[PDB]
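Shown here is one chain on its own, the form deposited in one PDB entry, set out as structure tokens.
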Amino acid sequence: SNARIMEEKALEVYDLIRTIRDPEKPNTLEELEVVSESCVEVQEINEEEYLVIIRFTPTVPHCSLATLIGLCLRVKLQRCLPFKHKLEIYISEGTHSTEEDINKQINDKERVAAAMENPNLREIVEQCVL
């Protein structure tokens, strides 16, 4: 059965993501209920290629947290998953950055440099400043 094999893969995925540490607190994603077993789904694209879908909820709805958790899920799974896979990840809510936090971001040199190196963003800017 496709369906039961997909449930086996979802448990494998979950066993790898549960012990990822939160970007902010000294606890695991599982401990803080950012992820749980039911938040994973696996689908077949074609033999030898699976799509993994992970829903998660950061401890508070802040953009930088959501970004970082997304990065950790990809890094951990890319390194540790023993089958070829596409990954899609979804948060269940909008997020925000406080006045203080967004001003930090738009002035932080590392953050500015990374957006500048994004070819999609750099082209939008190119076209605004002409």
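One-based numbering along the sequence shown. Rigid core here is just the name for the largest C-alpha set that superposes within 1.5 Å across the two forms.
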Would you tell me which stretch averages the higher CA B-factor in the PDB entry, 1-9 or 119-127? 1-9
Per the PDB record, is the mean Cα temperature factor higher over 41-49 or over 89-97? 41-49
Can you pull the Cα B-factors for 29, 102, 81, 68 from the entry and say which is highest? 81
Check where residue 114 lands among this chain's C-alpha B-factors and tell me if it's the lowest, middle or highest third. highest
Tell me, lowest, middle or highest third: where does the Cα B factor of residue 24 rank within its chain? highest
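As for the form deposited in another entry, it is not shown, yet the points below apply to it.
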Fitting the rigid core first, would the Cα of residue 45 be found 2 Å or more away between this form and the one not shown? no
Hey, does residue 118 budge by 2 Å or more at the Cα between this form and the one not shown once the core is superposed? yes
Does the C-alpha of residue 69 move 2 Å or more between this form and the one not shown once the rigid core is lined up? yes
So the Cα-Cα distance between residue 113 and residue 21 shifts by 3 Å or more in the other entry; is it shorter or longer than what we see here? closer
Having a change of 3 Å or more in the C-alpha distance between residue 44 and residue 80, I'd like to know whether it is closer or farther in the other entry than in the form here. farther
